Amino acid sequence: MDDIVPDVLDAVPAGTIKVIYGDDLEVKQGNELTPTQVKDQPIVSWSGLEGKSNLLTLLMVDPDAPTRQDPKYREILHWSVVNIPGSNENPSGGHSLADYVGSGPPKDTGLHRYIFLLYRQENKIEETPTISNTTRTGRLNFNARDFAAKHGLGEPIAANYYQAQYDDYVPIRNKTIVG
């Protein structure tokens, strides 16, 4: 049930996620990062919120590609993760639905709001073999919210988001994709 959208998030998180970009800073409630520092790798962590859970679910939200105005083939590549052990602080030890890729959508998308959603996972789910980041065409277009709908991850335990745009140079990373 999309509630606080598109003001901040299509769901009211009980907590949040801590994504550290430049290491010196971090993203908060769709805040904007400047100047053009949105080129540094984001470090996701819920350190302190975790505790005791069979598993966890990290879902990404920002379906706009190549642009929210012309979804020629949205979504592109995304950092989807599930089955994360409820005590790793970050979505590492779990199944990477779709391996992380700092490529991101093409310049045509402009400032895009990458949103990180965290949800406690109780049941061990295969969720199909781990998809590689360099995954060639044929497995890009797909709504993230679906993962939430299928296992009922509706209500998010912790969420964090940020808005960023960059030179077509970043999207170029996608070109290296060969499956």
# chains A, B, ... in the order shown; residues from 1 in each chain; ligands from 1
$ residues_around --residues "residue 62 (chain A)" --least-positions-apart "3" --cutoff "7 Å" --atoms "only C-alpha atoms" --output "PyMOL selection string"
chain A and resi 112-115
$ write_last_selection --atoms "N, CA and C atoms" --output "short mmCIF file (atom, residue, chain, number, x, y, z; two decimals), in the first residue's frame"
data_model
loop_
_atom_site.label_atom_id
_atom_site.label_comp_id
_atom_site.auth_asym_id
_atom_site.auth_seq_id
_atom_site.Cartn_x
_atom_site.Cartn_y
_atom_site.Cartn_z
N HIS A 112 17.56 10.49 -9.88
CA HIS A 112 16.71 9.35 -9.54
C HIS A 112 16.81 9.08 -8.04
N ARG A 113 15.68 8.70 -7.46
CA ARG A 113 15.58 8.46 -6.02
C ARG A 113 15.76 7.00 -5.66
N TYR A 114 17.00 6.56 -5.45
CA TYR A 114 17.23 5.18 -5.07
C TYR A 114 16.81 4.97 -3.62
N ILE A 115 15.85 4.07 -3.41
CA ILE A 115 15.34 3.79 -2.08
C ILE A 115 15.69 2.38 -1.62
#
$ residues_around --residues "residue 122 (chain A)" --least-positions-apart "5" --cutoff "7 Å" --atoms "only C-alpha atoms" --output "list in words"
residues 53, 54 and 55 of chain A
$ write_last_selection --atoms "C-alpha atoms" --output "mmCIF file, in the first residue's frame"
data_model
loop_
_atom_site.group_PDB
_atom_site.id
_atom_site.type_symbol
_atom_site.label_atom_id
_atom_site.label_comp_id
_atom_site.auth_asym_id
_atom_site.auth_seq_id
_atom_site.Cartn_x
_atom_site.Cartn_y
_atom_site.Cartn_z
ATOM 1 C CA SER A 53 15.523 -12.757 13.005
ATOM 2 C CA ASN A 54 15.770 -15.922 10.906
ATOM 3 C CA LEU A 55 16.498 -13.865 7.862
#
$ select_by_dssp --residues "chain A" --states "strand (DSSP E)" --output "PDB file with N, CA, C and O atoms, in the first residue's frame"
ATOM      1  N   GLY A  15      11.715   1.742  11.157  1.00  0.00           N
ATOM      2  CA  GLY A  15      13.045   2.259  11.430  1.00  0.00           C
ATOM      3  C   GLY A  15      13.677   2.857  10.183  1.00  0.00           C
ATOM      4  O   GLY A  15      13.026   3.600   9.451  1.00  0.00           O
ATOM      5  N   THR A  16      14.935   2.517   9.919  1.00  0.00           N
ATOM      6  CA  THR A  16      15.631   3.032   8.748  1.00  0.00           C
ATOM      7  C   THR A  16      16.880   2.223   8.433  1.00  0.00           C
ATOM      8  O   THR A  16      17.251   1.303   9.157  1.00  0.00           O
ATOM      9  N   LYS A  18      21.034   2.723   7.084  1.00  0.00           N
ATOM     10  CA  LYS A  18      22.095   3.694   7.011  1.00  0.00           C
ATOM     11  C   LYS A  18      23.014   3.429   5.837  1.00  0.00           C
ATOM     12  O   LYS A  18      23.864   2.543   5.886  1.00  0.00           O
ATOM     13  N   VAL A  19      22.839   4.221   4.784  1.00  0.00           N
ATOM     14  CA  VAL A  19      23.659   4.096   3.598  1.00  0.00           C
ATOM     15  C   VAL A  19      24.696   5.210   3.574  1.00  0.00           C
ATOM     16  O   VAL A  19      24.367   6.388   3.402  1.00  0.00           O
ATOM     17  N   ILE A  20      25.946   4.826   3.763  1.00  0.00           N
ATOM     18  CA  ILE A  20      27.054   5.763   3.779  1.00  0.00           C
ATOM     19  C   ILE A  20      27.709   5.844   2.406  1.00  0.00           C
ATOM     20  O   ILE A  20      28.267   4.867   1.919  1.00  0.00           O
ATOM     21  N   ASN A  31      17.332  12.616   0.914  1.00  0.00           N
ATOM     22  CA  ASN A  31      18.138  13.826   0.881  1.00  0.00           C
ATOM     23  C   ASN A  31      19.007  13.871  -0.371  1.00  0.00           C
ATOM     24  O   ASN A  31      19.320  12.832  -0.971  1.00  0.00           O
ATOM     25  N   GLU A  32      19.394  15.076  -0.754  1.00  0.00           N
ATOM     26  CA  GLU A  32      20.238  15.282  -1.914  1.00  0.00           C
ATOM     27  C   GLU A  32      21.696  15.411  -1.487  1.00  0.00           C
ATOM     28  O   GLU A  32      22.004  16.088  -0.503  1.00  0.00           O
ATOM     29  N   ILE A  43      27.392   2.530   1.217  1.00  0.00           N
ATOM     30  CA  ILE A  43      27.548   1.458   2.198  1.00  0.00           C
ATOM     31  C   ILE A  43      26.280   1.317   3.043  1.00  0.00           C
ATOM     32  O   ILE A  43      26.005   2.150   3.902  1.00  0.00           O
ATOM     33  N   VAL A  44      25.507   0.266   2.781  1.00  0.00           N
ATOM     34  CA  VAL A  44      24.253   0.014   3.500  1.00  0.00           C
ATOM     35  C   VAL A  44      24.464  -0.738   4.818  1.00  0.00           C
ATOM     36  O   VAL A  44      25.222  -1.708   4.866  1.00  0.00           O
ATOM     37  N   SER A  45      23.764  -0.305   5.879  1.00  0.00           N
ATOM     38  CA  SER A  45      23.857  -0.961   7.187  1.00  0.00           C
ATOM     39  C   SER A  45      22.725  -0.530   8.122  1.00  0.00           C
ATOM     40  O   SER A  45      22.395   0.649   8.205  1.00  0.00           O
ATOM     41  N   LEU A  55      15.949 -14.440   9.062  1.00  0.00           N
ATOM     42  CA  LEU A  55      16.498 -13.865   7.862  1.00  0.00           C
ATOM     43  C   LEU A  55      16.016 -12.422   7.706  1.00  0.00           C
ATOM     44  O   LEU A  55      15.238 -11.925   8.521  1.00  0.00           O
ATOM     45  N   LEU A  56      16.479 -11.761   6.661  1.00  0.00           N
ATOM     46  CA  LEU A  56      16.098 -10.382   6.384  1.00  0.00           C
ATOM     47  C   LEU A  56      15.915 -10.209   4.886  1.00  0.00           C
ATOM     48  O   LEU A  56      16.344 -11.061   4.101  1.00  0.00           O
ATOM     49  N   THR A  57      15.257  -9.131   4.493  1.00  0.00           N
ATOM     50  CA  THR A  57      14.998  -8.867   3.090  1.00  0.00           C
ATOM     51  C   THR A  57      15.290  -7.412   2.742  1.00  0.00           C
ATOM     52  O   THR A  57      14.675  -6.497   3.289  1.00  0.00           O
ATOM     53  N   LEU A  58      16.226  -7.219   1.820  1.00  0.00           N
ATOM     54  CA  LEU A  58      16.613  -5.892   1.363  1.00  0.00           C
ATOM     55  C   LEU A  58      16.076  -5.671  -0.050  1.00  0.00           C
ATOM     56  O   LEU A  58      16.532  -6.301  -1.010  1.00  0.00           O
ATOM     57  N   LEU A  59      15.105  -4.781  -0.176  1.00  0.00           N
ATOM     58  CA  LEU A  59      14.507  -4.492  -1.470  1.00  0.00           C
ATOM     59  C   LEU A  59      14.768  -3.054  -1.888  1.00  0.00           C
ATOM     60  O   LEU A  59      14.663  -2.132  -1.079  1.00  0.00           O
ATOM     61  N   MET A  60      15.109  -2.876  -3.157  1.00  0.00           N
ATOM     62  CA  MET A  60      15.391  -1.557  -3.707  1.00  0.00           C
ATOM     63  C   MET A  60      14.144  -0.978  -4.364  1.00  0.00           C
ATOM     64  O   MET A  60      13.332  -1.717  -4.922  1.00  0.00           O
ATOM     65  N   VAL A  61      13.988   0.339  -4.298  1.00  0.00           N
ATOM     66  CA  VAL A  61      12.832   0.990  -4.897  1.00  0.00           C
ATOM     67  C   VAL A  61      13.223   2.319  -5.540  1.00  0.00           C
ATOM     68  O   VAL A  61      13.713   3.232  -4.878  1.00  0.00           O
ATOM     69  N   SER A  80      18.988  -5.920  -5.480  1.00  0.00           N
ATOM     70  CA  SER A  80      17.991  -6.673  -4.726  1.00  0.00           C
ATOM     71  C   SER A  80      18.654  -7.765  -3.880  1.00  0.00           C
ATOM     72  O   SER A  80      19.511  -8.509  -4.372  1.00  0.00           O
ATOM     73  N   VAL A  81      18.262  -7.867  -2.609  1.00  0.00           N
ATOM     74  CA  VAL A  81      18.846  -8.875  -1.726  1.00  0.00           C
ATOM     75  C   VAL A  81      17.810  -9.415  -0.745  1.00  0.00           C
ATOM     76  O   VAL A  81      17.011  -8.664  -0.200  1.00  0.00           O
ATOM     77  N   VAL A  82      17.834 -10.723  -0.531  1.00  0.00           N
ATOM     78  CA  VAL A  82      16.901 -11.377   0.383  1.00  0.00           C
ATOM     79  C   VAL A  82      17.594 -12.494   1.149  1.00  0.00           C
ATOM     80  O   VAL A  82      18.701 -12.895   0.802  1.00  0.00           O
ATOM     81  N   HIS A  95      20.940 -14.010   0.119  1.00  0.00           N
ATOM     82  CA  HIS A  95      20.869 -14.259  -1.319  1.00  0.00           C
ATOM     83  C   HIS A  95      20.739 -12.961  -2.098  1.00  0.00           C
ATOM     84  O   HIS A  95      19.778 -12.210  -1.914  1.00  0.00           O
ATOM     85  N   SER A  96      21.684 -12.713  -2.987  1.00  0.00           N
ATOM     86  CA  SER A  96      21.645 -11.520  -3.814  1.00  0.00           C
ATOM     87  C   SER A  96      20.699 -11.749  -4.987  1.00  0.00           C
ATOM     88  O   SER A  96      21.084 -12.339  -5.998  1.00  0.00           O
ATOM     89  N   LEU A  97      19.458 -11.291  -4.852  1.00  0.00           N
ATOM     90  CA  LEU A  97      18.477 -11.470  -5.917  1.00  0.00           C
ATOM     91  C   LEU A  97      19.091 -11.055  -7.253  1.00  0.00           C
ATOM     92  O   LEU A  97      19.066 -11.808  -8.231  1.00  0.00           O
ATOM     93  N   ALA A  98      19.678  -9.863  -7.251  1.00  0.00           N
ATOM     94  CA  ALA A  98      20.358  -9.306  -8.411  1.00  0.00           C
ATOM     95  C   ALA A  98      21.598  -8.565  -7.927  1.00  0.00           C
ATOM     96  O   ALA A  98      21.491  -7.524  -7.285  1.00  0.00           O
ATOM     97  N   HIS A 112      17.558  10.488  -9.881  1.00  0.00           N
ATOM     98  CA  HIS A 112      16.714   9.352  -9.538  1.00  0.00           C
ATOM     99  C   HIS A 112      16.806   9.078  -8.041  1.00  0.00           C
ATOM    100  O   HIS A 112      17.860   9.259  -7.425  1.00  0.00           O
ATOM    101  N   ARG A 113      15.678   8.701  -7.457  1.00  0.00           N
ATOM    102  CA  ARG A 113      15.584   8.461  -6.020  1.00  0.00           C
ATOM    103  C   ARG A 113      15.758   6.995  -5.660  1.00  0.00           C
ATOM    104  O   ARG A 113      14.780   6.269  -5.531  1.00  0.00           O
ATOM    105  N   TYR A 114      16.996   6.562  -5.451  1.00  0.00           N
ATOM    106  CA  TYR A 114      17.231   5.175  -5.068  1.00  0.00           C
ATOM    107  C   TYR A 114      16.809   4.970  -3.618  1.00  0.00           C
ATOM    108  O   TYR A 114      17.316   5.638  -2.706  1.00  0.00           O
ATOM    109  N   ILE A 115      15.855   4.065  -3.413  1.00  0.00           N
ATOM    110  CA  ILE A 115      15.337   3.789  -2.084  1.00  0.00           C
ATOM    111  C   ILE A 115      15.687   2.379  -1.615  1.00  0.00           C
ATOM    112  O   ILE A 115      15.461   1.400  -2.324  1.00  0.00           O
ATOM    113  N   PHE A 116      16.214   2.290  -0.400  1.00  0.00           N
ATOM    114  CA  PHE A 116      16.568   1.013   0.209  1.00  0.00           C
ATOM    115  C   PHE A 116      15.501   0.620   1.229  1.00  0.00           C
ATOM    116  O   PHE A 116      15.204   1.389   2.151  1.00  0.00           O
ATOM    117  N   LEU A 117      14.939  -0.574   1.073  1.00  0.00           N
ATOM    118  CA  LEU A 117      13.916  -1.067   1.987  1.00  0.00           C
ATOM    119  C   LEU A 117      14.382  -2.351   2.670  1.00  0.00           C
ATOM    120  O   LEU A 117      14.929  -3.245   2.026  1.00  0.00           O
ATOM    121  N   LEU A 118      14.163  -2.421   3.978  1.00  0.00           N
ATOM    122  CA  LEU A 118      14.547  -3.576   4.785  1.00  0.00           C
ATOM    123  C   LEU A 118      13.321  -4.202   5.438  1.00  0.00           C
ATOM    124  O   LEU A 118      12.445  -3.493   5.951  1.00  0.00           O
ATOM    125  N   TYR A 119      13.262  -5.528   5.401  1.00  0.00           N
ATOM    126  CA  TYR A 119      12.144  -6.271   5.968  1.00  0.00           C
ATOM    127  C   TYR A 119      12.618  -7.582   6.595  1.00  0.00           C
ATOM    128  O   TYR A 119      13.412  -8.305   6.000  1.00  0.00           O
ATOM    129  N   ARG A 120      12.122  -7.901   7.785  1.00  0.00           N
ATOM    130  CA  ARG A 120      12.498  -9.152   8.442  1.00  0.00           C
ATOM    131  C   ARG A 120      12.001 -10.342   7.633  1.00  0.00           C
ATOM    132  O   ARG A 120      10.825 -10.400   7.276  1.00  0.00           O
ATOM    133  N   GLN A 121      12.882 -11.301   7.368  1.00  0.00           N
ATOM    134  CA  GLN A 121      12.497 -12.498   6.624  1.00  0.00           C
ATOM    135  C   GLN A 121      12.446 -13.691   7.570  1.00  0.00           C
ATOM    136  O   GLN A 121      13.395 -13.948   8.312  1.00  0.00           O
ATOM    137  N   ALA A 158      12.614  -1.246   8.174  1.00  0.00           N
ATOM    138  CA  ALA A 158      13.542  -0.123   8.093  1.00  0.00           C
ATOM    139  C   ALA A 158      13.760   0.293   6.644  1.00  0.00           C
ATOM    140  O   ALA A 158      13.940  -0.552   5.777  1.00  0.00           O
ATOM    141  N   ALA A 159      13.726   1.595   6.380  1.00  0.00           N
ATOM    142  CA  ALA A 159      13.912   2.094   5.023  1.00  0.00           C
ATOM    143  C   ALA A 159      14.766   3.355   5.011  1.00  0.00           C
ATOM    144  O   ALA A 159      14.780   4.122   5.976  1.00  0.00           O
ATOM    145  N   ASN A 160      15.465   3.563   3.909  1.00  0.00           N
ATOM    146  CA  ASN A 160      16.321   4.725   3.730  1.00  0.00           C
ATOM    147  C   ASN A 160      16.434   4.988   2.243  1.00  0.00           C
ATOM    148  O   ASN A 160      16.438   4.052   1.453  1.00  0.00           O
ATOM    149  N   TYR A 161      16.458   6.248   1.855  1.00  0.00           N
ATOM    150  CA  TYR A 161      16.493   6.589   0.444  1.00  0.00           C
ATOM    151  C   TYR A 161      17.284   7.860   0.174  1.00  0.00           C
ATOM    152  O   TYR A 161      17.566   8.637   1.093  1.00  0.00           O
ATOM    153  N   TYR A 162      17.657   8.040  -1.096  1.00  0.00           N
ATOM    154  CA  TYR A 162      18.445   9.196  -1.527  1.00  0.00           C
ATOM    155  C   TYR A 162      18.202   9.500  -3.003  1.00  0.00           C
ATOM    156  O   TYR A 162      17.871   8.601  -3.777  1.00  0.00           O
ATOM    157  N   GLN A 163      18.391  10.761  -3.393  1.00  0.00           N
ATOM    158  CA  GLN A 163      18.213  11.164  -4.789  1.00  0.00           C
ATOM    159  C   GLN A 163      19.563  11.520  -5.405  1.00  0.00           C
ATOM    160  O   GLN A 163      20.369  12.210  -4.777  1.00  0.00           O
ATOM    161  N   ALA A 164      19.824  11.041  -6.622  1.00  0.00           N
ATOM    162  CA  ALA A 164      21.102  11.329  -7.265  1.00  0.00           C
ATOM    163  C   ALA A 164      21.058  11.255  -8.792  1.00  0.00           C
ATOM    164  O   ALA A 164      20.319  10.457  -9.378  1.00  0.00           O
TER     165      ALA A 164
END
$ select_by_dssp --residues "region 25-162 of chain A" --states "helix (DSSP H, G or I)" --output "ChimeraX atom specification"
/A:107-109,145-150
$ write_last_selection --atoms "N, CA, C and O atoms" --output "mmCIF file, in the first residue's frame"
data_model
loop_
_atom_site.group_PDB
_atom_site.id
_atom_site.type_symbol
_atom_site.label_atom_id
_atom_site.label_comp_id
_atom_site.auth_asym_id
_atom_site.auth_seq_id
_atom_site.Cartn_x
_atom_site.Cartn_y
_atom_site.Cartn_z
ATOM 1 N N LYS A 107 21.741 8.639 -18.516
ATOM 2 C CA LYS A 107 21.609 10.072 -18.270
ATOM 3 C C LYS A 107 20.163 10.548 -18.438
ATOM 4 O O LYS A 107 19.696 11.417 -17.701
ATOM 5 N N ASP A 108 19.470 9.987 -19.419
ATOM 6 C CA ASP A 108 18.088 10.365 -19.709
ATOM 7 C C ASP A 108 17.196 10.335 -18.459
ATOM 8 O O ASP A 108 16.136 10.963 -18.439
ATOM 9 N N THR A 109 17.600 9.581 -17.435
ATOM 10 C CA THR A 109 16.794 9.460 -16.207
ATOM 11 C C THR A 109 16.969 10.636 -15.241
ATOM 12 O O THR A 109 16.071 10.918 -14.442
ATOM 13 N N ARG A 145 8.598 -3.976 -5.920
ATOM 14 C CA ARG A 145 7.473 -4.121 -4.994
ATOM 15 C C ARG A 145 6.888 -5.538 -5.029
ATOM 16 O O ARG A 145 6.318 -6.012 -4.042
ATOM 17 N N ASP A 146 7.028 -6.211 -6.165
ATOM 18 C CA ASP A 146 6.505 -7.568 -6.318
ATOM 19 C C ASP A 146 7.076 -8.512 -5.255
ATOM 20 O O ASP A 146 6.343 -9.304 -4.660
ATOM 21 N N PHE A 147 8.376 -8.405 -4.992
ATOM 22 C CA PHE A 147 9.013 -9.238 -3.974
ATOM 23 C C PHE A 147 8.281 -9.074 -2.652
ATOM 24 O O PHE A 147 8.091 -10.032 -1.892
ATOM 25 N N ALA A 148 7.861 -7.843 -2.390
ATOM 26 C CA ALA A 148 7.135 -7.528 -1.175
ATOM 27 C C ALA A 148 5.736 -8.122 -1.219
ATOM 28 O O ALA A 148 5.242 -8.649 -0.225
ATOM 29 N N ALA A 149 5.099 -8.033 -2.377
ATOM 30 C CA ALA A 149 3.752 -8.565 -2.541
ATOM 31 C C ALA A 149 3.718 -10.086 -2.374
ATOM 32 O O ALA A 149 2.860 -10.621 -1.675
ATOM 33 N N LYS A 150 4.636 -10.780 -3.037
ATOM 34 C CA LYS A 150 4.675 -12.240 -2.985
ATOM 35 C C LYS A 150 4.881 -12.787 -1.565
ATOM 36 O O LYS A 150 4.100 -13.627 -1.117
#
$ closest_residue --among "A:40, A:155, A:23, A:64" --to "residue 2 (chain A)" --atoms "only C-alpha atoms"
A:155
$ residues_around --residues "residue 171 (chain A)" --least-positions-apart "3" --cutoff "10 Å" --atoms "only C-alpha atoms" --output "NGL selection string"
:A and (102-108 or 166-168 or 174-176)
$ residues_around --residues "residue 131 (chain A)" --least-positions-apart "2" --cutoff "9 Å" --atoms "only C-alpha atoms" --output "list in words"
residues 96, 97, 98, 99, 128, 129, 133, 134, 135 and 139 of chain A
$ atom_distance --atom1 "CA of residue 49 (chain A)" --atom2 "CA of residue 88 (chain A)"
10.9 Å
$ residues_around --residues "residue 93 (chain A)" --least-positions-apart "4" --cutoff "8 Å" --atoms "only C-alpha atoms" --output "list in words"
residues 83, 84, 85 and 88 of chain A
$ closest_residue --among "A:33, A:17, A:22, A:75" --to "residue 143 (chain A)" --atoms "only C-alpha atoms"
A:75
$ atom_distance --atom1 "CA of residue 173 (chain A)" --atom2 "CA of residue 77 (chain A)"
10.9 Å
$ atom_distance --atom1 "CA of residue 126 (chain A)" --atom2 "CA of residue 71 (chain A)"
29.1 Å
